[PDB]
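Let me begin by presenting the structure, written as structure tokens, before commenting on it.
Residue numbers (the entry's author numbering), protein chains in the order written: chain U, 47 to 127; chain G, 1052 to 1113; chain E, 1395 to 1442; chain V, 866 to 913; chain Y, 2 to 210; chain A, 1011 to 1106.
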């Protein structure tokens, strides 16, 4: 449900580091990209342009310590950076 | 007697011990560096879990 | 004060004092391989 | 080796490997140690 | 010293009244804080070979609400209490309709009577104490923060809202003198309000186990 | 109204449990007192004399700084604290 949102919408540095690294990984081994690029070769710059565009096709599963999990999509996740 | 030529060395995937599949010691055998206990704890404190995992499992003895 | 108070409350959180010894950390049931990773290994694994 | 296990969960509280709550917030304030700064308060000390 | 003895007995009665008030039993303000000289005029200033002595200044105090359960205190003349004497005390709880009693021993309390009180504690609850530990008060210290024993409804809604259990809640030992002062049995939850240097106030939760 | 709106803006404990609200207010009790003390109307009107654009831009800046100042979850706080107390022990001397 959209009501039981206990954790903060501010996505963390750990989350941004993990999604940036893995996004750069499939950009590196040539998955299709949906953000428009100005011409770059390195997946690090492509992934950070994706992260600042906030259009990642990945949703984060956070394990709340009771045993339940909660999903947070990057579109509704507000970026601290 | 401390000369840079005698002190400098580096390793890239050389030999492995008979008992355990780990790098050598000492630059004479092109030894490997010990990523030690307190360094592992400080890497934990940084939080680089994937970096520590790759440094501890598959770059050493997968 | 955050770290200092965190150290002291983690010390006292078990309802009693916790000296940083094998003589306490073996008594708390906080993982057999935590106990093994402490200074005594064979006895704590062997009791587990 | 005493306190290799303490970390903060997503509910902003402090739990161990046993997941026992020790602190409801990090440093009873939930505020970062790099972000916190010295401050002088003018309310306390002057006369009525 | 006779004056030292009567001052000690006055402070004993004062701290007993304050203990009962903080525990939740109906205690009048004059006994809550009466003057040492008022108590001397009440009892006679001469505990040694005089008309005031032990068991003379005992109280039977009822609760603030539901006065069915009332507490009362024992002051044995002997320093080291006798098991026959606590059996006479047991006869006194049998002839009373109330099950809450406290015992004040001048010296160490015998381990045979300790095991005895452990044995008949579930049928009727008896707590022993020592002259110095009830001569000084614990909640008056600035090091000691505020303690309030929470009830079952608050415990249930607390565990429901924080999604944690009683073992996950941090514990406090049952034989601690704070828990002995508050009279709290096994597995019961107490909130603590403490002054916080970096946040003003903190509300921490502990479980007597 | 701006300082009250900011005081309602910052949040540490979510939910509308009265226990949660009491815990929230005790958590940011000192900081709310300090920010209201700094934002007392006498000091704004006499000593500081900021404009409205400066005032609400300031409120946005304080909210953003506190939002950065919240503690992220998952940080290795226990080992961080153990190290952060071990290091001044290394600097401090028994011969001092």
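In this text, a Cβ means the ideal position worked out from N, Cα and C, and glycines have one as well.
What are the boundary residues of the beta strand (DSSP E) that includes residue i?
| i | result |
| --- | --- |
| residue 128(Y) | 126 to 131 |
| residue 147(Y) | 147 to 150 |
| residue 116(U) | 115 to 119 |
| residue 99(Y) | It is not in any beta strand (DSSP E) - residue 99(Y) carries neither H nor E in the DSSP assignment. |
| residue 1095(G) | Residue 1095(G) -> not in any beta strand (DSSP E); alpha helix (DSSP H) instead, spanning 1088 to 1097. |
| residue 875(V) | Per DSSP, residue 875(V) belongs to no beta strand (DSSP E) and is neither H nor E. |
| residue 1404(E) | That residue, residue 1404(E), is in no beta strand (DSSP E); its alpha helix (DSSP H) goes 1396 to 1406. |
| residue 63(Y) | 61 to 63 |
| residue 108(U) | 105 to 109 |
| residue 886(V) | 886 to 888 |
Which word fits residue i, buried or exposed, when buried means at least 16 other C-beta atoms lie within 10 angstroms of its C-beta?
| i | result |
| --- | --- |
| residue 176(Y) | exposed |
| residue 198(Y) | exposed |
| residue 1102(G) | exposed |
| residue 124(U) | exposed |
| residue 892(V) | buried |
| residue 109(U) | exposed |
| residue 1175(G) | Residue numbering for chain G in the displayed model covers 1052 to 1113; residue 1175(G) lies beyond these limits and cannot be assessed. |
| residue 207(Y) | buried |
| residue 21(Y) | buried |
| residue 99(U) | exposed |
| residue 56(Y) | exposed |
| residue 1429(E) | buried |
| residue 1092(A) | buried |
| residue 58(U) | buried |
| residue 75(U) | exposed |
| residue 1036(A) | buried |
| residue 868(V) | buried |
| residue 895(V) | buried |
Tell me, to the nearest whole angstrom, how far the beta carbon of residue i is from that of residue j; I am working on the premise that it is less than 8 Å.
| i | j | result |
| --- | --- | --- |
| residue 887(V) | residue 1407(E) | 5 Å |
| residue 900(V) | residue 1088(A) | At roughly 19 Å, the Cβ-Cβ gap does not stay under 8 Å, so residue 900(V) and residue 1088(A) are not in contact. |
| residue 1013(A) | residue 1040(A) | At roughly 15 Å, the Cβ-Cβ gap does not stay under 8 Å, so residue 1013(A) and residue 1040(A) are not in contact. |
| residue 1022(A) | residue 1038(A) | 6 Å |
| residue 1068(A) | residue 1060(A) | 7 Å |
| residue 1416(E) | residue 1434(E) | 5 Å |
| residue 1(Y) | residue 27(Y) | This structure leaves residue 1(Y) out entirely; chain Y is present only between 2 and 210. |
| residue 192(Y) | residue 204(Y) | 6 Å |
| residue 7(Y) | residue 68(Y) | Rounded, the Cβ-Cβ distance is 31 Å, inconsistent with contact. |
| residue 148(Y) | residue 179(Y) | 7 Å |
| residue 876(V) | residue 52(U) | 6 Å |
For the alpha helix (DSSP H) that contains residue i, what are its first and last residues?
| i | result |
| --- | --- |
| residue 1058(G) | 1055 to 1058 |
| residue 73(Y) | No alpha helix (DSSP H) contains residue 73(Y), which is instead part of the beta strand (DSSP E) from 71 to 75. |
| residue 5(Y) | 3 to 24 |
| residue 68(U) | 59 to 74 |
| residue 1094(A) | 1087 to 1101 |
| residue 196(Y) | No alpha helix (DSSP H) holds residue 196(Y); the beta strand (DSSP E) holding it covers 189 to 197. |
| residue 157(Y) | 153 to 163 |
| residue 205(Y) | Counting along the chain, residue 205(Y) falls outside any alpha helix (DSSP H), though it belongs to the beta strand (DSSP E) covering 201 to 209. |
| residue 1109(A) | Residue 1109(A) falls outside the range modelled here, since chain A spans only 1011 to 1106, and no answer is possible. |
| residue 43(Y) | 37 to 44 |
| residue 868(V) | No alpha helix (DSSP H) contains residue 868(V), which DSSP labels as neither H nor E. |
| residue 1075(A) | 1062 to 1079 |
| residue 113(Y) | 112 to 121 |
| residue 178(Y) | 178 to 183 |
| residue 1426(E) | 1426 to 1431 |
| residue 1440(E) | 1436 to 1441 |
| residue 1102(G) | 1100 to 1104 |
- Query: Any residues in the stretch 50 to 74 of chain U with a beta carbon nearer than 9 Å to a beta carbon of chain V? Which ones, in chain order?
  - Reply: Residues of the stretch 50 to 74 of chain U whose Cβ lies closer than 9 Å to any Cβ of chain V, in chain order: 52, 53 and 54.
- Message: At a CB distance below 8 Å, what residues from the stretch 119 to 147 of chain Y approach chain E? Give them in sequence order.
- Response: So nothing in the stretch comes that close.
- Message: Under 7 Å, CB to CB, which of the residues in the stretch 1405 to 1421 of chain E have a partner in chain Y?
- Response: Per Cβ criterion, the list reads 1407, 1408, 1409 and 1410.
- Query: For the 8 Å Cβ check, are there 3 or more pairs between the stretch 15 to 32 of chain Y and the stretch 1022 to 1035 of chain A?
  - Reply: Flag = no, the stretch 15 to 32 of chain Y and the stretch 1022 to 1035 of chain A do not touch.
- According to a CB-to-CB cut-off of less than 7 Å, which residues of the stretch 86 to 111 of chain U neighbour chain V? Within the stretch 86 to 111 of chain U, the residues whose Cβ lies closer than 7 Å to some Cβ of chain V are 108, 110 and 111, listed in chain order.
- Message: Pairs of beta-carbons, one from the stretch 100 to 117 of chain Y and one from the stretch 154 to 169 of chain Y, closer than 8 Å: are there three or more?
- Response: Look at the beta carbons and you see the stretch 100 to 117 of chain Y not touching the stretch 154 to 169 of chain Y: under three pairs across the two are nearer than 8 Å.
- Query: Between the stretch 164 to 180 of chain Y and chain A, which residues of the former have a C-beta closer than 8 Å to a C-beta of the latter?
  - Reply: Listed in sequence order: no entries.
- Message: Can you confirm whether the stretch 125 to 136 of chain Y touches the stretch 162 to 175 of chain Y when touching is taken to mean that 3 or more C-beta pairs between the two stretches lie within less than 8 Å?
- Response: Cβ pair count under 8 Å is below three, so no.
- chain U contacts made by the stretch 1079 to 1094 of chain A, where a contact means CB separation under 9 Å: Within the stretch 1079 to 1094 of chain A, the qualifying residues are 1080, 1082, 1083, 1084 and 1085.
- Task: Pull out every residue of the stretch 188 to 199 of chain Y whose Cβ sits closer than 8 Å to any Cβ of chain V, in chain order.
- Result: Result list: 197 and 199.
- Residues within the stretch 92 to 119 of chain Y neighbouring chain C, beta-carbon criterion of under 8 Å: You won't find chain C in this structure, because its protein chains are U, G, E, V, Y and A.
- Query: Residues in the stretch 870 to 894 of chain V with C-beta within 7 Å of chain U's C-beta atoms, listed in sequence order?
  - Reply: Among the residues of the stretch 870 to 894 of chain V, those with a Cβ less than 7 Å away from any Cβ of chain U are 874, 875, 876, 880 and 884, in the order of the chain.
- Message: Could you check whether the stretch 75 to 92 of chain Y touches the stretch 31 to 39 of chain Y, counting it as contact only if at least three pairs of C-beta atoms, one from each stretch, sit closer than 8 Å?
- Response: Contact between the stretch 75 to 92 of chain Y and the stretch 31 to 39 of chain Y is absent, because fewer than three Cβ pairs lie under 8 Å.
- Select from the stretch 1016 to 1034 of chain A all residues with a C-beta closer than 8 Å to any C-beta belonging to chain Y, and list them in chain order. Residues of the stretch 1016 to 1034 of chain A with a C-beta less than 8 Å from any C-beta of chain Y: 1025, 1027, 1029, 1030, 1032 and 1033, listed in chain order.
- Item | Segment contact flag, the stretch 96 to 106 of chain Y with the stretch 64 to 78 of chain Y, C-beta cutoff 8 Å, min 3 pairs | As far as the Cβ criterion goes, the stretch 96 to 106 of chain Y touches the stretch 64 to 78 of chain Y, which means the pair count is three or higher.
- Query: Listed from N- to C-terminal order along the chain, which residues in the stretch 1047 to 1068 of chain A have their beta-carbon within a distance smaller than 7 Å of any beta-carbon of chain V?
  - Reply: For the stretch 1047 to 1068 of chain A, the set of residues with a beta-carbon nearer than 7 Å to any beta-carbon of chain V comprises 1047, in chain order.
- Specify whether the stretch 85 to 100 of chain U and the stretch 136 to 156 of chain Y touch according to this definition: at least 3 beta carbon pairs, one from each stretch, less than 8 Å apart. Two segments are said to touch when three or more pairs of C-beta atoms, one from each, lie closer than 8 Å; by this definition the stretch 85 to 100 of chain U does not touch the stretch 136 to 156 of chain Y.
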